[PDB]
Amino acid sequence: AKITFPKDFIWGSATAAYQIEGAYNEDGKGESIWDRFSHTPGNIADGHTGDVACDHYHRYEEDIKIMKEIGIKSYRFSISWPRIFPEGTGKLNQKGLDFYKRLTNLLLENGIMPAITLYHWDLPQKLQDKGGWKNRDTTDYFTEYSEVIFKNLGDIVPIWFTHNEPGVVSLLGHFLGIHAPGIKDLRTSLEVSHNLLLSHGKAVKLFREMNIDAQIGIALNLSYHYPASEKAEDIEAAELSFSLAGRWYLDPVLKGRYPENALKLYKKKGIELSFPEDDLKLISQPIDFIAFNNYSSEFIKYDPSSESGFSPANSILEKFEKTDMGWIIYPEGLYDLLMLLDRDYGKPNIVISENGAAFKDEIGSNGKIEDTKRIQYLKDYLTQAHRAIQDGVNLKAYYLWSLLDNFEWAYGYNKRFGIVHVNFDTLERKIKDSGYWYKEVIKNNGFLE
């Protein structure tokens, strides 16, 4: 069958500033928590850093030409907070604004709609020295940064995301310690979760008060958490697992409450956190769309003697095909997630702000990257997105992660998600088969399956 998306469907591709830009100490930029984390041996696979990355800071013109060749109609990127306020607050670094004004204007000149993430993990290190996201004041410094950006770009950028994956920043950055800033403390991670969400609400309020003529949302990490069987104890386990993961952020944002099942667990663990009563009313400011980053799905069993009360169903997981990340490939998961969003949250407008896959790429004798498994993944996942649309979900846009191979956080350069290959030694770009496939998808507004 022929899969044709809605006429006005937005086809995009996404990146993040630390992952692509390089120029880590150029034009007055301040140190970020990811600069510090990357420089510390043992934190990144193979001792890789984002010092140079794709060097997009210098090579953006070439990248925009590639975007035009593929025909992406929107580009999702993030702004580096420490390029704008090197110390987090205080003296504005005009050269920072200048880089992003140029970039934005060039995107628009080439007929590519900019879509901007304000926070994609690069907190200024000076703020982390003061306590980082554990410090409520950081939520005000974030709002002050957001104000400058809205003043300079607001009414030429149609789509805005406040945060990218606060639940990852909290969990990996502040409980597991495997992301910047490398903290390991449950209570701190929960205070950080809250302040991230608080800062989202402050920014959205500000955006409305400044009458910016654009749309604003947030990009959450979301997966469907399947129970291991149809037994109520498994169903309840999976529901709890989701409530401690993506729904710990969805419910505050869209319903103005934390999930009750998760609050009971944390109380059972001896954490009963109390924040001003008005914080949830601020967190749940109306947004124009809910966005999410999705790659895979979870399978959860009842596990009553565990600290959590649930665990991964490994016998189910071990049977799926996996990506180079070790993540299960299960395209129907994206359908089930989209239908949950639509059912549980009053049929919101939805954006997939990231979806993609890492596979091992090889340049052939013919000089080409024939990344068939990445194409198959994208086609299977987009087929399910389309099935959701036909079933009434208000899915408006799909941003393919990523335009470029990039610095994959703690994995360094070992994990390639691009539709465009980057040689990290030479900085040469080469469009993969997946990039030319996406070119075709955009031109045909879909594909056969």
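Start at 1 with the first residue shown and count on from there.
Comparing 317-325 with 172-180, the stretch with the higher mean C-alpha B-factor in the PDB entry is 317-325. Comparing the deposited coordinates for 145-153 and 181-189, the stretch with the larger average C-alpha B-factor is 181-189. Across the options 106, 238, 357, 115, the residue with the most elevated CA B-factor in the record is 238. Comparing the listed residues 63, 408, 35, 391, the entry records the largest Cα B-factor for 391. Among the modelled residues of the chain, residue 305 sits in the highest third by CA temperature factor in this PDB entry. For residue 40, the recorded CA B-factor ranks within the highest third of the chain. Only modelled residues enter the ranking. Ranked against the other modelled residues of its chain, the C-alpha B-factor of residue 98 as given in the entry falls in the lowest third. The deposited CA B-factor of residue 46 belongs to the highest third of values across its chain. In the deposited entry, the Cα temperature factor of residue 364 places it in the highest third of its chain's modelled residues.
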